[PDB]
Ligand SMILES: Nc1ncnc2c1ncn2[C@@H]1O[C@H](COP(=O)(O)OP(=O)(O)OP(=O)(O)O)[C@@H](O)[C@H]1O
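Below you'll find only one chain, the form solved without adenosine-5'-triphosphate (ATP), shown as structure tokens.
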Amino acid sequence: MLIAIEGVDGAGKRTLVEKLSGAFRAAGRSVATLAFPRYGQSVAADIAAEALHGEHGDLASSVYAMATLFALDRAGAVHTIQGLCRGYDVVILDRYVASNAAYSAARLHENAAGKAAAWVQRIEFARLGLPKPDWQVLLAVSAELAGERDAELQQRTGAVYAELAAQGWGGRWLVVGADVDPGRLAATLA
């Protein structure tokens, strides 16, 4: 089973990944995780990060260029993902293909049913061969709550996410809070 954990930055994804992993193991299943972007593991991911820090000229000014960088990063992890999927019962990804769909649309002031989100599916899932996640778990957080733990882009990204999940973008979604009961979540995703 392939599970993607999605949400805005500061939503609490890294932590929810561990908890959900802990719950699945307690239930007698093996679990491997992988996080994106794979900083330090792929040039695409490292250039994207740098671009976001004001490097590489006008690269960051292009929504589709940034999106492509994050996709090329995932493309280079296909062999890894396929490996984890053959060895472990559950593979949990800290951010996946929907992160590109959500942030790209938000930067373009589009919505989940827009072109950028449609484009992400055609590119990553079919052309690059990234496995479509069985479950996409949205750790939804309001703009207000996120602030506590780029606001406008972040807020709009949160909105695209809420809609992506409601529309079953790329598959079945589940919305949860950071406090969600690990054991109940694992049982629901079994």
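Numbers follow the displayed sequence, beginning with 1. Only residues modelled in both forms are compared. Rigid core here is just the name for the largest C-alpha set that superposes within 1.5 Å across the two forms.
Omitted from view is the form solved in complex with adenosine-5'-triphosphate (ATP), to which the following refers.
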| query | finding |
| --- | --- |
| All of 111, 118 and 167 with a heavy atom within 4.5 Å of adenosine-5'-triphosphate (ATP) in the bound PDB entry | no |
| Candidate from 128, 34, 143, 159 lying within 4.5 Å of adenosine-5'-triphosphate (ATP) in the bound PDB entry - any heavy atom | 34 |
| Any non-hydrogen atom of residue 79 within 4.5 angstroms of adenosine-5'-triphosphate (ATP) in the bound PDB entry | yes |
| Interface membership of residue 90, adenosine-5'-triphosphate (ATP) in the bound PDB entry, 4.5 Å heavy atom rule | no |
| Heavy atom of residue 41 within 4.5 Å of adenosine-5'-triphosphate (ATP) in the bound PDB entry | yes |
| adenosine-5'-triphosphate (ATP) in the bound PDB entry - contacting residues of 81-117, heavy atom within 4.5 Å | 84 |
| Consecutive stretches, 3 or more residues long, displaced between this form and the one not shown (C-alpha shift of at least 2 Å once the core is aligned) | 147-149 |
